[PDB]
Every structure is written in structure tokens, then in C-alpha cells.
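Take a look at the structure below.
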Amino acid sequence: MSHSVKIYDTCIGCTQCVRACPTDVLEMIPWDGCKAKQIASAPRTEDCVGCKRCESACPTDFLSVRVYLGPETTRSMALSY
Amino acid sequence: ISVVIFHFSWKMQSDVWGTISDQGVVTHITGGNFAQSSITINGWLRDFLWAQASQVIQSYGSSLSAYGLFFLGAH
Amino acid sequence: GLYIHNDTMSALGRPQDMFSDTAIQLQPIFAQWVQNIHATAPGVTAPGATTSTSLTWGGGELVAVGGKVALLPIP
Amino acid sequence: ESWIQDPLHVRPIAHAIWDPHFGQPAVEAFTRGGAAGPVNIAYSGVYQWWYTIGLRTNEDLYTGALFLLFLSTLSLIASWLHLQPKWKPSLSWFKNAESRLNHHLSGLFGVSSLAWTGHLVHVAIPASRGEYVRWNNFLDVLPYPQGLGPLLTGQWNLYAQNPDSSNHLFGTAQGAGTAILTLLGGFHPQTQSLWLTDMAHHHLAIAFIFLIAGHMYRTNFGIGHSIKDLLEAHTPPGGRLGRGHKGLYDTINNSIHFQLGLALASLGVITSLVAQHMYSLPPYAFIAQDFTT
Amino acid sequence: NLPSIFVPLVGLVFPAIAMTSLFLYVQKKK
Amino acid sequence: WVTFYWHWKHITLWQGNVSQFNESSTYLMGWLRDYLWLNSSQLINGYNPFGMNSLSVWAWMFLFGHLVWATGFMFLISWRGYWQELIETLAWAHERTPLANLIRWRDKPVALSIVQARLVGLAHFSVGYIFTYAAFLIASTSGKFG
Amino acid sequence: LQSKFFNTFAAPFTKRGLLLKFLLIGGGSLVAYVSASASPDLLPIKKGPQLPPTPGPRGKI
Amino acid sequence: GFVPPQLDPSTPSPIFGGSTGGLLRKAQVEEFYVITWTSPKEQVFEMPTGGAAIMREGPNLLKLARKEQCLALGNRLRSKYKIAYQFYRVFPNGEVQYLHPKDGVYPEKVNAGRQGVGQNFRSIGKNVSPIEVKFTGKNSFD
Amino acid sequence: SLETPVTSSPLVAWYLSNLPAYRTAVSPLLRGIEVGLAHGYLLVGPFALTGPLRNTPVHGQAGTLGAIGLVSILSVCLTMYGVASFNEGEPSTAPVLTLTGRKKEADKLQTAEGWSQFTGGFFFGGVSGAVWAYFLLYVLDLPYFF
Ligand code: CLA
Ligand code: SF4
Ligand code: SF4
């Protein structure tokens, strides 16, 4: 909600975005719309720093996890002080 | 580095190098103006960049022409 | 900043508030002291040497070669 | 007042300098233009423009200051006034693209140019012939000794009768003709500027074009084009331009960022046009020899 | 005469009151 | 390139030296030598260790133009991530210095955003580019008034 | 003794609302008073040039 | 549902000489994080804030000021040393919140029972153009 | 942080812990008047000796006027902080725990009422300090290097 992270239906369940979140935002939930039978999910968008590496590892036509930068909070700005 | 090699060039022409009279009086290349004109930023523009770029700028038509071109070419 | 202040004062017609030898003064003494030591080193602290290790030490005399100054003490 | 007495040897003065960091040799240096302390020389060329358009002393300028100051006060009222309820326009008022283009073309561009012609031939031109006309007396003086007749009859061929002679001194009556509207096109020989009587004619000519161009679009009286209709009708047969200009009415009339874009494009051009014409055809007296201006 | 008063007022005072006025307004919290 | 052209063509005309433009204006060193270098002789002497002139204010603004312009590069070239790591060390030093840990920022300090630096960097570049030329244009012409 | 002498003689300057008003308003008056009544022999601008003016190039224009 | 979290105790932290990368005033006001892991052998690792400290036998505990730092070490431990770890969040008042596995299972693999918060079931090209959301609280993606 | 000699030592921890800003157990009015005394008497020098009137016989009375203002400006910069960083009824933000762990009182200085007292101490001390320099340096004025 600080930043908005959205995952579409193109996702093929490869678990490459989840493994690449450096602050544990995304996670994997069951589906039935792929051969792998699992689609990603973003239930902890607060801590989302905005580091687009989460979607530099989604290998689809355009993309299946997308990140929109909104307002910035004290943790979405990664302030240590 | 650039200011160092600027500092060296002006200090030596103004205080060290230059011809010497047969009588013994010495006249340096720029007339010993470093000690007064180098303290103002505009001084480094008038008497160093503007006044010591004369030779490069009007170096067209003689053997120093290749420097006149490179001067522009490096800009 | 000292260059900027110098330039501002000079622009306003206050050449008696600039930082220069003819105004508020900033003399490098530590370099002027060490220059002094190397000038008198041939006297005591290095009796073997006929003269100083250079000619830019704050004392001595120039060396003229073919109407062109080699070196002289650098103030 | 002094600059007028000799425009080619008195630096126009912009304002005075009071900077308490100045040393003494600067105070001397910046004292010029026949002042008593430091000053700044004006390079915006206001001095020539106000000479041409008839101003002649300081006192004209003071009331010139007050009036504009009052106009500024009036505007600040309006910006506040139209925010309260019962004074703010609704949407349909702003989106009225037709009734606006009539007024702006006919009232804003149009009448103002007609009225500026009025000032040129009631104050300016009389100033350049030694006649000092002001709000005190501008009812006695006649712009043309047979004025307001020759226009009504139809023989407008008298207002261009006897123009300013070639040997004219800009501020006095020597060689001063009596023509008010002319077509000469050259330069004023002494001041190297466009003739006054041309510039009066030109603002009168284009005072008419806009007035007649102002009654194009339909507002409330059942005549005149509909800009929506004109866009639709221009659809080339053969399809090379697809559906043409259909629907561009709403897209422009609903997108502010579109309207602004067009305004800037047109304003961007004429400003370059202004720059290009002013330096070739100096429209103010004694401004082609002030090189810096 | 008059410049010697109006130049400082717009150069020193009017800035100071301006900066101190905004600083409170910017840093408010409600 | 437009205003350059207008000024030099007219500045030769006003002196009645129209041959100088018509020959030098075909090779670049002609523009650098005969327009920039030559016509700035009176401007840069606005103040020297001998005295000052009316032109001093334009000489000062001339350099002031060069200074803002050169500060512009700092925001265009050096991008944000470097400065952000620099602030964090600083915001640590301030939090441990005695007598100075008694004052606390209300709004945490962070480096300018990526777009802001571009906008800020361009603001300096434009301002320095206008003031520099505007000083040279007025001083050089008014110096000769011809 | 220093406590009581200082404690009573700095009380007027303590209420932050009043201290802010008097500082600016009083100070702004003082800046006005010092410059409007400074000697001309310590401010070069406050005294005039009192020296002849140098003509510009091309006559006086 | 078998998800009783770990309920952080107070254990002994690793040997370390201390560095300048530790907590700051943010800890005393907003929040700070701890990451408790258990080792079988006393070795040496590298701290996220630079420098190396030696983990000691069994239950460790270590506090870091962000969440990216707790995980950045969390990857290193799970990768290099094949070792378990959680982390928490600690508030100024004292309430501590369980964070990392959030179910007992790392988010990489799938648990039957977590939610689907934040999903659009349409391809990305089908978002609505910015004219369709104007003067509303909506966005194209929302 | 780290415990180095500089950050902790008997000489250091006794120097800092006994100067007005840290004597957490005395009235903030006095802690303001000491601070203004040391600072005020301090900066009268450079204004008087290096200002633009140092040559003139008014160098004594032009430096003092300069220092007086600078104390006034800092008094404003003090009040702006106190009025924007504290609320009229909110308690103190100072740490209440010593190194040993004894929970002491929160400093009254870190409080809207306290800080407004502290600035009253600073301002009165600041002007008092800066006149005391002027009296000494131009009545009891023999030994000094001025
Ligand atoms: C294009 C229009 C126009 C303009 C811009 C000017 C400009 C000028 N005239 Mg002028 N004039 C004009 C037409 C114009 N004239 C016409 C048509 C006549 C013939 C009647 C005159 C007769 C005339 C005389 C006799 C004198 C001037 C003078 C002047 C100068 C001083 C202005 C002044 O004192 O204001 C004061 C103006 C008034 C008191 C009358 C105000 C008229 C109405 C209210 C203006 C309406 C503006 C409108 C409300 C704007 C609304 C803004 C809102 C949307 C925010 C100035 C150069 C004076 C001069 O040369 O030097 C002293 C002078 O003495 N004029
Ligand atoms: S931007 Fe970073 S934090 Fe946000 S989801 Fe992507 S990888 Fe995770
Ligand atoms: S990277 Fe893309 S495809 Fe892979 S799991 Fe994540 S969203 Fe799905």
C-alpha cells in the first residue's frame, strides 16, 4: 500500500520473483491456472522497498508482477536512522 | 592535476624563466605578475587563460597550426 | 572562499581588504622556514656539499645559459 | 526629462544604487548619466517607447504609475471575488467555446486595437508635432482641422493629404504636416524609425479585420457557424485522412492540456516573429542608434 | 534618505520574518 | 547559435567593418578568435589589481554565470545513490557528537530524488547559461557603444 | 547570590511569544535607526561621490 | 491451523567488538528487528553492517535496524551454513511481532491456506487508460 | 557506538558532564545565562578586529554592535526551534537512564517551558557577555594584543 505490487494472470508459477524479494514481500499460493498449479501473491506490500529486481526476474511476454511507486514511508524509503 | 599543471606553468614563466640581459637584469616571460594577479579568480581568466592563449589561437598558417586545430578538436 | 572574497572585495573597490602581500597578509612561514634551512645546509648540516642540493632554495644565485635563466630562488 | 532633450548623448537611467558594501572608487565609477550618486543605465528601451507614444514629463509617468497600481488592485479583487458562492462560474460557462471566440476576436483583439488607434491620433501624433494634449484639454483639440466629417461623407482621402515633411524634428513643429492616416512605409529620416502615421493606420486596419472576424461563431442569435460542425464536415473523400476531424471538438474542448499546448505554440512563434521584426523595422524613436538596447 | 531605510527592510527584516514565518507553517502538525 | 549570429553580424556592421564577419565567419577559429576572444577584452577588465570601472558589475556577473553553470554538472553527472550513502554517515556523526546530539532534525535528511536532481541540475545550467551570455552581450556592446 | 540576581533580571525576555515579537520588531527598528543615522564617514554610499563624473564613450551616451 | 509462532525469548548474542553500523535513534522511537538462529558449531561469519563476528553454540540472537538487513543475513545463514532462522519486529513499548516465515514455511514454496492479496486476473495490456480513472481515488492497476 | 578513549574516559566524561548543557539538575534559566555569557564574550573579538571598520577609531564600537546582533539572531533561531519542536503541555524527550542504569529525571531543558526559559537565559547572557568584553578591552586594556 506504500507501493502497490500487482501480480497478473500471465504468471507461470516459476517462483523467481519470490526468491528475489530482498525484504520478503511476495509469496506463493496455490492456483489451478497453470501447469505448475501455483501463482505468486503479494500480501505484505508495506515493506516493499521498490527495488525493481522483483520483476527483473519474471520471464513472461511483458511481465506478470508489476510494481507501481506511490507515496514513500519511513520503511519504504529504507531509512536506518 | 589540472590546477597543479596550471600552477606550475604560471609560476615558472612569471618568477623563474625568461631571458637575461647582458648587463644582468632579468625579465621573466610574463613580467612577474603572478604574485598580484593570481589571487583573484578573474585574474586567472585575464592574465592566464586569456593572455596566454594568444599563441595557440593565432597559430594558423605556420608550423604551429597543428596545435591550433587540436585546440579546437579537443574542445 | 578566500579567492571568492578576494574577487568580491576587488570588484567593489576595496583593494585594502583583499588577501594579498599588499593588504591583509597570509605568509607561508613554514615553507619559508624550510627554504631557509636548505639554503644554509652547506654551511653546517652538510659540510661535504659545496652548494645546496638545488638553486630554488631561498638563497644563492641564478645560473645563466645562453641568455636564458636556468633557475633562481623561487620566492 | 533630460534624455528627451538629446536622445543620442544621455544614457537612459533605470534606477538608483544604494548598496552599503560599495567602497569609494565604485561609488565614483557608477555615477553617470548626469545623476548625483550611483545609478544603473536602462537597457530595456522603455525610454524610447514612452517618448514615441507621447509621454513628455515626469508627471505623466507618476499618474501612469498610479493608474496601473490601481488596475493591479482591481485584479486582486477579482481573483478573490470569483471564488465565493454566487460569483463563481459553472462548468458550462467555461466550456462555451463559441461565445468566447466572438468576444476575444472582436472585443479583446478587436476594439483594443481600434482604441489604440484613437490614442495614436489624439495624443501621440499631436505630441510629435509640438501639441501637448492631455486629459485636461483633449476635448478642444481637433485631430484634423476638419475632423469627424470627411470620414462620414466618404472622402476619407483627406486624412492622408499633407504628411510630415522629410525635414522633420521629432519633438517640434518644423515640417509638421497635418495628415493623420497615411501610407508612406519608409523611415522617419531623423529618428530611424517607422513613421507615426503608418502605425496609426495599421492598427486601424487590423482593428477592422478582427471585428468582422469576430462574428463567425453562433452564440445565442441563430446565425453563424458551429465549430463542431466545421470539424465534422471536413472529411476528405477517398479516406486518405480517415474520419478526418470528426470528434476533435470534444477532445480539444475537454482537455486543458490540449488548449494550453496550442496557446504556447502560437505564442511561441509570434514572439520569435516579434524579435525578428523589431530589429529590422525599429518602431520606436531613437532606438536604432542605442546599439545595446 | 528613503533608500537607506527601505533597502535594509526588504533586504534584512522582510526576509527574516518571511523565513521564520514559513518555518513554523511548514513544520506544523495537527 | 541564433543570438551569436545576430550579435556578431551587427557588431561588425555598427563599426563599419563588415569585411571582418564576411571572411572570419567561414571557419570555426574565426568565431572563437574574432568574436569570443576579441570582443571580451573590455569585459574581463571590469576590475583588476590596478582599478575598477563601470564594467565591473558585468565582469562579476560574467564569472557568476560561469560558476552556477559549472555547478549544474554536479547534479547531472553524479546520481543519487552515491549521495544517499554519504548522508547516512553524516546523519550518524551528528547523532553521536556531544553538545550536538541535543538538536534533532524534525524531518529526516535524504538526498534529492532522481527527477529532482535532473530538474535542479537543469535549473543551474540554464541560469548560468543566461547570465553568462547576458553579461557578455551587454558589456561588450556597451563598452564600445558601437 | 548569582542565581537570584540573574533569575529576576532575565525574566522579561523569557516568554517565547513575547521574545519573538520584540526581537524582530525592536531589532527591525534598530537596523532602521542605525543606517538612517550612520555617519557618512563610515559608509561610503551614505556620503556622495563629491567628485567629477567621467564621460562614457561616444560623447556621453 | 498449526501456526503458533516462535514467541521470542531472551538468549545470548554473538561475540563481537561492536561497530558503527549498529542501531541508531530510530530504534528508540520507531522500531528495530532481531533475528534468532541456532548453530551447531562456533564459527565466524560476516555482519550485514560490515566486519566479522563469531557465532557461538546454540541459540543466538542479534538485533538489526531494518528488515532488509535481517533478511540479508538470513539468506547468508540459510545458504552458507544450512541453518534455520526467524526474525521479529520489536516496538518501543515492548510488543514483539513474528515476521519471517509467517507460517512456518519459507515463502518460496506453497502452503495450502495463505491468502491472495494483490492480484489482477487479466493480462497487463488490459489496464484502463488514465482517462477512465480521472477525478477518482482509483488507479489503472487498482 | 563504540567505546574508544575519546568517547569514554574519566577526563572526558568529567569535562562534558559538568558544563551547563549537561548539568541536568539545575534550573534551565541559569543554564541559558551561562551559555550566553561564554558565547557572547567570545565573538566580540573577530567582529571588532577583522570587520570593515578595524582601521577606524570606531572599531571598538562597531564590533560590539556586530556581536550584539549575532546574539539576537541566534536568539530568534533559538526560539523558532523551541516553538516548533515542543508542544506546550508535552513532557521531556531527554533520556532518563544513566549509563549505570539509574532512572533519573528527564531534563527540564527538553521542554517547551524549559527551552523558552533557556533562550531567556541565552539572550540576556549573550548581550551581557558582549558588553563585558567591550568594557575590558577599552578600559582595562593594557596587556592585550589588539
Ligand atoms: C488602447 C488604449 C489606450 C491605451 C493603452 C492608452 C495609454 C495611455 N494614454 Mg490614452 N487614450 C486612448 C486610448 C489609450 N491610451 C484614447 C482612445 C483616447 C481618446 C479619448 C486617449 C486619450 C488620452 C489622453 C487625453 C491622455 C492619455 C494618456 C495616456 C497614457 C497614460 C494613461 C493614463 O493616464 O491612464 C489614466 C486613464 C484613465 C483615467 C481613463 C481610464 C479609461 C478606462 C477606465 C480604461 C479601461 C480599462 C479596463 C477597466 C481594464 C480592465 C481590466 C480587468 C479585466 C482586470 C498612456 C500612455 C495620458 C498621457 O498621454 O499622459 C498623461 C493623457 O493625458 N490618453
Ligand atoms: S520492489 Fe523489491 S521489495 Fe518490492 S516486491 Fe519487488 S523485490 Fe520485493
Ligand atoms: S517471476 Fe513472474 S512468472 Fe515467475 S512466479 Fe513471479 S510472477 Fe510468476
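Numbering starts fresh at 1 for the residues of each chain in the C-alpha cells, the chains themselves are lettered A, B, ... in the order given, and ligands are numbered from 1 as they appear.
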- Task: With a distance cut-off of 10 Å and only C-alpha atoms, select the neighbouring residues of residue 133 (chain D), excluding the residue or stretch itself and same-chain residues fewer than 6 positions from it, and output the selection as JSON, numbers by chain.
- Result: {"D": [54, 122, 123, 124, 125, 126, 127, 139, 140, 141]}
Expected file: the selected residues, N, CA, C and O atoms, as a PDB file, in the first residue's frame:
ATOM      1  N   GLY D  54       4.043  59.354 -26.659  1.00  0.00           N
ATOM      2  CA  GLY D  54       3.558  60.671 -26.310  1.00  0.00           C
ATOM      3  C   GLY D  54       3.882  61.171 -24.927  1.00  0.00           C
ATOM      4  O   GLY D  54       3.630  62.346 -24.655  1.00  0.00           O
ATOM      5  N   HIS D 122      -4.828  60.975 -31.168  1.00  0.00           N
ATOM      6  CA  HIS D 122      -5.277  62.027 -30.275  1.00  0.00           C
ATOM      7  C   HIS D 122      -4.200  62.532 -29.343  1.00  0.00           C
ATOM      8  O   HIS D 122      -4.320  63.653 -28.855  1.00  0.00           O
ATOM      9  N   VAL D 123      -3.172  61.742 -29.072  1.00  0.00           N
ATOM     10  CA  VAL D 123      -2.098  62.169 -28.192  1.00  0.00           C
ATOM     11  C   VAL D 123      -0.758  62.040 -28.899  1.00  0.00           C
ATOM     12  O   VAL D 123      -0.051  63.031 -29.086  1.00  0.00           O
ATOM     13  N   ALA D 124      -0.427  60.826 -29.331  1.00  0.00           N
ATOM     14  CA  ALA D 124       0.908  60.542 -29.846  1.00  0.00           C
ATOM     15  C   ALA D 124       1.246  61.432 -31.023  1.00  0.00           C
ATOM     16  O   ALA D 124       2.163  62.255 -30.951  1.00  0.00           O
ATOM     17  N   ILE D 125       0.524  61.293 -32.119  1.00  0.00           N
ATOM     18  CA  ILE D 125       0.799  62.104 -33.293  1.00  0.00           C
ATOM     19  C   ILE D 125       0.801  63.588 -32.958  1.00  0.00           C
ATOM     20  O   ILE D 125       1.750  64.279 -33.347  1.00  0.00           O
ATOM     21  N   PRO D 126      -0.163  64.127 -32.225  1.00  0.00           N
ATOM     22  CA  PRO D 126      -0.037  65.518 -31.799  1.00  0.00           C
ATOM     23  C   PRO D 126       1.189  65.803 -30.963  1.00  0.00           C
ATOM     24  O   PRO D 126       1.711  66.917 -31.029  1.00  0.00           O
ATOM     25  N   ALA D 127       1.673  64.856 -30.168  1.00  0.00           N
ATOM     26  CA  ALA D 127       2.901  65.120 -29.427  1.00  0.00           C
ATOM     27  C   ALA D 127       4.075  65.320 -30.365  1.00  0.00           C
ATOM     28  O   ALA D 127       4.863  66.248 -30.187  1.00  0.00           O
ATOM     29  N   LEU D 139     -10.577  67.728 -25.247  1.00  0.00           N
ATOM     30  CA  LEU D 139     -11.835  67.956 -25.941  1.00  0.00           C
ATOM     31  C   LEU D 139     -11.773  69.127 -26.906  1.00  0.00           C
ATOM     32  O   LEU D 139     -12.477  69.123 -27.913  1.00  0.00           O
ATOM     33  N   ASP D 140     -10.946  70.130 -26.632  1.00  0.00           N
ATOM     34  CA  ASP D 140     -10.829  71.263 -27.545  1.00  0.00           C
ATOM     35  C   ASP D 140     -10.108  70.874 -28.828  1.00  0.00           C
ATOM     36  O   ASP D 140     -10.566  71.193 -29.926  1.00  0.00           O
ATOM     37  N   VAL D 141      -8.974  70.194 -28.711  1.00  0.00           N
ATOM     38  CA  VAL D 141      -8.116  69.992 -29.862  1.00  0.00           C
ATOM     39  C   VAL D 141      -8.776  69.065 -30.870  1.00  0.00           C
ATOM     40  O   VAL D 141      -9.503  68.135 -30.510  1.00  0.00           O
TER      41      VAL D 141
END
- Item | Neighbour list for residue 29 (chain A) as a PyMOL selection string, cut-off 8 Å, only C-alpha atoms, skip fewer than 6 positions in-chain | (chain A and resi 38-41) or (chain H and resi 110-116)
- Query: If you count only C-alpha atoms and all ligand atoms, which residues end up within 8 Å of ligand 2, as a PyMOL selection string?
  - Reply: chain A and resi 3+5+17-18+20-26+42+45+47-55+67
- Who sits within 12 Å of residue 19 (chain E), only C-alpha atoms, same chain under 5 positions skipped, as an MDAnalysis selection string: (chainID E and resid 12:14 24:26) or (chainID I and resid 76:77 80)
Next, the residues of the selection above should be written as a PDB file, in the first residue's frame with N, CA and C atoms.
ATOM      1  N   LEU E  12      16.906  42.737   4.857  1.00  0.00           N
ATOM      2  CA  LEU E  12      17.192  42.072   6.119  1.00  0.00           C
ATOM      3  C   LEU E  12      15.936  41.670   6.883  1.00  0.00           C
ATOM      4  N   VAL E  13      15.068  42.619   7.217  1.00  0.00           N
ATOM      5  CA  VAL E  13      13.934  42.303   8.073  1.00  0.00           C
ATOM      6  C   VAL E  13      12.923  41.453   7.327  1.00  0.00           C
ATOM      7  N   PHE E  14      12.385  41.967   6.237  1.00  0.00           N
ATOM      8  CA  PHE E  14      11.368  41.249   5.484  1.00  0.00           C
ATOM      9  C   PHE E  14      11.787  39.833   5.098  1.00  0.00           C
ATOM     10  N   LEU E  24       7.626  27.927  10.670  1.00  0.00           N
ATOM     11  CA  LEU E  24       6.620  27.404  11.580  1.00  0.00           C
ATOM     12  C   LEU E  24       5.500  26.730  10.812  1.00  0.00           C
ATOM     13  N   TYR E  25       5.049  27.346   9.723  1.00  0.00           N
ATOM     14  CA  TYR E  25       3.933  26.790   8.966  1.00  0.00           C
ATOM     15  C   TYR E  25       4.301  25.459   8.336  1.00  0.00           C
ATOM     16  N   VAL E  26       5.498  25.355   7.772  1.00  0.00           N
ATOM     17  CA  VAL E  26       5.929  24.101   7.171  1.00  0.00           C
ATOM     18  C   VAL E  26       6.007  23.010   8.214  1.00  0.00           C
TER      19      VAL E  26
ATOM     20  N   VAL I  76      16.636  34.414  17.997  1.00  0.00           N
ATOM     21  CA  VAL I  76      15.484  34.074  17.170  1.00  0.00           C
ATOM     22  C   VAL I  76      15.580  32.631  16.706  1.00  0.00           C
ATOM     23  N   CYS I  77      16.733  32.240  16.164  1.00  0.00           N
ATOM     24  CA  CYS I  77      16.906  30.862  15.732  1.00  0.00           C
ATOM     25  C   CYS I  77      16.730  29.900  16.888  1.00  0.00           C
ATOM     26  N   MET I  80      12.668  29.868  17.353  1.00  0.00           N
ATOM     27  CA  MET I  80      11.999  29.132  16.289  1.00  0.00           C
ATOM     28  C   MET I  80      12.079  27.638  16.529  1.00  0.00           C
TER      29      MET I  80
END
- Test item: residues lying within 8 Å of ligand 3 with only C-alpha atoms and all ligand atoms, as a list in words: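 Residues lying within 8 Å of ligand 3: residues 7, 8, 10, 11, 12, 13, 14, 15, 16, 17, 18, 28, 39, 40, 54, 55, 57, 58, 59, 60, 63, 64 and 65 of chain A.
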Could you dump the residues just selected with C-alpha atoms as a compact mmCIF listing (two decimals), in the first residue's frame?
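Generated output (result-v1.txt):
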# COMPACT_ATOMS: atom_id res chain seq x y z
CA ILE A 7 0.56 -9.86 -9.98
CA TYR A 8 -1.34 -10.73 -13.14
CA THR A 10 0.08 -14.46 -17.06
CA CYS A 11 2.34 -15.69 -14.26
CA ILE A 12 3.59 -19.22 -14.84
CA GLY A 13 4.40 -20.03 -11.22
CA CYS A 14 8.15 -20.12 -11.54
CA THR A 15 8.96 -18.76 -8.08
CA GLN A 16 11.59 -16.42 -9.45
CA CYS A 17 10.05 -13.22 -8.11
CA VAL A 18 9.52 -14.56 -4.59
CA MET A 28 3.47 -18.33 -3.37
CA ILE A 39 0.71 -18.35 -8.72
CA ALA A 40 2.57 -15.64 -6.85
CA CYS A 54 11.49 -8.41 -8.02
CA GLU A 55 10.30 -8.05 -11.61
CA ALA A 57 13.19 -11.90 -12.88
CA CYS A 58 9.72 -12.53 -14.28
CA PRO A 59 10.23 -14.29 -17.61
CA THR A 60 6.98 -13.67 -19.48
CA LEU A 63 5.54 -9.14 -17.19
CA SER A 64 3.41 -10.83 -14.59
CA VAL A 65 4.48 -8.98 -11.43
- Query: Quick one: residues within 8 Å of region 1-9 of chain F, only C-alpha atoms counted, chain neighbours fewer than 4 positions away excluded, as a list in words?
  - Reply: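 Near neighbours after the sequence-gap exclusion: residues 13, 18, 21, 35 and 137 of chain F.
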Export of the given selection (N, CA and C atoms) as a CSV table (one decimal), in the first residue's frame:
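Generated file (again_28.csv):
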chain,number,residue,atom,x,y,z
F,13,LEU,N,28.8,45.4,-38.3
F,13,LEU,CA,28.2,46.4,-39.1
F,13,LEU,C,28.3,47.8,-38.4
F,18,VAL,N,32.4,45.6,-42.0
F,18,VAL,CA,31.7,44.4,-42.4
F,18,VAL,C,32.5,43.4,-43.1
F,21,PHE,N,33.4,40.1,-40.5
F,21,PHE,CA,32.5,39.0,-40.4
F,21,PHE,C,32.5,38.2,-41.7
F,35,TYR,N,35.4,36.7,-32.5
F,35,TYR,CA,34.1,37.1,-31.8
F,35,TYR,C,34.3,36.9,-30.3
F,137,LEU,N,27.0,40.0,-23.6
F,137,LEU,CA,26.3,40.7,-24.6
F,137,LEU,C,26.2,42.2,-24.3
- Task: Excluding residue 4 (chain E) and residues on its chain fewer than 5 positions from it, collect all residues at most 10 Å away from it, counting only C-alpha atoms, and give them as an MDAnalysis selection string.
- Result: (chainID D and resid 18:20) or (chainID E and resid 9) or (chainID G and resid 32:38 45:46)
- Item | Near-ligand residues for ligand 1, threshold 6 Å, only C-alpha atoms and all ligand atoms, as an NGL selection string | :D and (54-55 or 60 or 63-64 or 67 or 75 or 112 or 115-116 or 118-119 or 122 or 133-135 or 138)
Grab the residues selected above and save them as a compact mmCIF listing (two decimals), in the first residue's frame with N, CA and C atoms.
# COMPACT_ATOMS: atom_id res chain seq x y z
N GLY D 54 4.04 59.35 -26.66
CA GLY D 54 3.56 60.67 -26.31
C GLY D 54 3.88 61.17 -24.93
N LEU D 55 4.42 60.35 -24.04
CA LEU D 55 4.75 60.84 -22.71
C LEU D 55 5.86 61.88 -22.81
N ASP D 60 3.50 62.83 -16.21
CA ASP D 60 2.75 61.82 -16.94
C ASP D 60 3.07 60.44 -16.40
N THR D 63 1.23 59.58 -12.71
CA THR D 63 -0.13 59.09 -12.92
C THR D 63 -0.12 57.79 -13.68
N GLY D 64 0.85 57.60 -14.56
CA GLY D 64 1.00 56.31 -15.19
C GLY D 64 1.28 55.22 -14.18
N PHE D 67 -2.17 54.73 -11.99
CA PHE D 67 -3.24 54.03 -12.70
C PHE D 67 -2.97 52.54 -12.74
N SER D 75 -7.57 43.86 -10.12
CA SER D 75 -7.45 42.45 -10.45
C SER D 75 -7.44 41.58 -9.21
N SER D 112 -9.61 46.85 -28.74
CA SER D 112 -8.37 47.38 -28.19
C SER D 112 -7.48 47.95 -29.27
N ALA D 115 -9.02 51.19 -30.26
CA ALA D 115 -8.81 52.25 -29.29
C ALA D 115 -7.37 52.71 -29.27
N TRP D 116 -6.42 51.80 -29.47
CA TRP D 116 -5.05 52.25 -29.55
C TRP D 116 -4.84 53.17 -30.73
N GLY D 118 -7.05 55.25 -31.58
CA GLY D 118 -7.54 56.50 -31.05
C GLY D 118 -6.49 57.26 -30.29
N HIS D 119 -5.70 56.56 -29.48
CA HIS D 119 -4.66 57.24 -28.73
C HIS D 119 -3.56 57.73 -29.63
N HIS D 122 -4.83 60.97 -31.17
CA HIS D 122 -5.28 62.03 -30.27
C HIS D 122 -4.20 62.53 -29.34
N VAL D 133 -1.35 67.40 -25.67
CA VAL D 133 -2.76 67.09 -25.44
C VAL D 133 -2.84 66.15 -24.25
N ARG D 134 -3.72 66.45 -23.30
CA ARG D 134 -3.83 65.68 -22.08
C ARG D 134 -5.30 65.56 -21.71
N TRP D 135 -5.59 64.83 -20.63
CA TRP D 135 -6.97 64.66 -20.21
C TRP D 135 -7.61 65.98 -19.84
N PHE D 138 -8.22 67.54 -23.88
CA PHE D 138 -8.33 66.79 -25.12
C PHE D 138 -9.67 66.92 -25.77
- Message: Near chain I, meaning an atom within 12 Å, which residues of chain D appear when counting only C-alpha atoms? Write them as a PyMOL selection string.
- Response: chain D and resi 20-23
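The interatomic distance for the pair CA of residue 128 (chain D) and CA of residue 169 (chain D) works out to 8.4 Å.
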- Going by DSSP on the backbone, which bits of chain H are helix (DSSP H, G or I)? Write them as a list in words, please.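 So the helix (DSSP H, G or I) residues in chain H would be residues 25, 26, 27, 28, 29, 68, 69, 70, 71, 72, 73, 74, 75, 76, 77, 78, 79, 80, 81, 124, 125 and 126 of chain H.
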